[PDB]
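This document opens with one chain alone, in structure tokens, the form deposited in one PDB entry.
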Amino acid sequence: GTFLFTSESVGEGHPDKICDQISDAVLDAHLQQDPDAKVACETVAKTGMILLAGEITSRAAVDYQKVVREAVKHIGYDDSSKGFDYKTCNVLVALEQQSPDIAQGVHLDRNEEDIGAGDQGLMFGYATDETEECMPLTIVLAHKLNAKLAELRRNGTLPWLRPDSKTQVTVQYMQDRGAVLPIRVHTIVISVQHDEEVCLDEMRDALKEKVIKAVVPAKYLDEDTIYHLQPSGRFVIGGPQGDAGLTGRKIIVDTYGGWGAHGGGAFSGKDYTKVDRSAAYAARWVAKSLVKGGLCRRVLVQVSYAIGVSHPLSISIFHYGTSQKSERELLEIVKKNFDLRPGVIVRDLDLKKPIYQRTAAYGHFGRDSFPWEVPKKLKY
């Protein structure tokens, strides 16, 4: 009755994640001056280059050079020896206004609560009682391994570390009436960019003793656990120099690590009218509210929209057999307790607030008591 499941995460200096963080730094900079900014900011990263491309209509006056370079500085790319330097990279901007055709169909001359969805699309929310924060253990552990690397880099105890990292965790689970119960960690992968002087053995020993053991409870690690630590053997070239980055290329890291489902939309760089983000956050909030409210142990919520239409076109609930109530009954509870129009989600989840850069590494869910992580008390 057991099975394996694998999830991955990446660090703050992973090139795709750099782009997500820059896109959300730009969004936050606009929102600080104009809470109603319309933002659709993609970031592209390659050796020596950050390019911003997309559509922004905003009353803000934003210094893109400063916003980009400060985000890169925070990540830790501050010297040519590391492969990338915020002080001296190229920042290119190809930003236009939002299409007037979109604007007129979505939000122009519309009451805020009745704004249309900014696009069509589908979105999912997921929650699992296997951890207190209602997230899959595989992805929680993967994120925490990347966060530990950044901590040990920033505090100087492993000064050979660089910002670009990836981790991957495979857990053996037991089925339990539709819920899932973690048993043990089967395999861990860690790859992290490093300086030219440190040797493989020093790195592998540190990754096991100072990273894995500082993150993963010993009860999950045993004589059979497989470790792939610096499996490529050499990772000196990294960041955008090693691999181009783009916004919205870590959408599974951003969400549930392969569990649940995904509708395809990226989060970073987008204001609340883009339901790819706001409705996914709302669907997480619904799912977590159902689990924390004791109605389910595990649940998947789908919603979908049409551009220009406020109310979702469809709402669906799948409880994996982990509720006494039928999925039909849960759907009625959701419809009674939640209003998933984007112009209402924005009020419930406070989505004009410039907190987005904080969401753009280590997953958008399961951390920090963001509004979508605070369950709603359900009436039924």
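In this text, residue numbers run from 1 along the sequence as written.
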{"query": "Entry-level comparison of average CA B-factors, 170-178 and 93-101, reporting the higher stretch", "finding": "170-178"}
{"query": "Entry-level comparison of average CA B-factors, 122-130 and 179-187, reporting the higher stretch", "finding": "179-187"}
{"query": "Per the PDB entry, maximal CA B factor within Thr47, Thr43, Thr57, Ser326", "finding": "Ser326"}
{"query": "From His74, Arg249, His107, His194, residue of greatest CA B-factor", "finding": "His74"}
{"query": "Assigned third (lowest, middle, highest) for the C-alpha B factor of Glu113", "finding": "highest"}
{"query": "Ranked against its chain, the third holding the CA B-factor of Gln21", "finding": "lowest"}
{"query": "For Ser369, the third of its chain into which the C-alpha B factor falls", "finding": "highest"}
{"query": "Relative C-alpha B-factor of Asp222, binned into the chain's lowest, middle or highest third", "finding": "highest"}
{"query": "Relative C-alpha B-factor of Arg162, binned into the chain's lowest, middle or highest third", "finding": "middle"}
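Keep in mind that the form solved in complex with a small molecule is not shown, yet the notes after this line are about it.
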query: Among 139-147, 197-205, 217-225, 81-89, the region lying within 4.5 Å of the small molecule in the bound PDB entry by heavy atom distance; finding: 139-147
query: Any non-hydrogen atom of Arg367 within 4.5 angstroms of the small molecule in the bound PDB entry; finding: yes
query: The small molecule contact at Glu112 in the bound PDB entry, heavy atom, 4.5 Å; finding: no
query: Partner proximity in the bound PDB entry: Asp129 to the small molecule, non-hydrogen atom cutoff 4.5 Å; finding: no
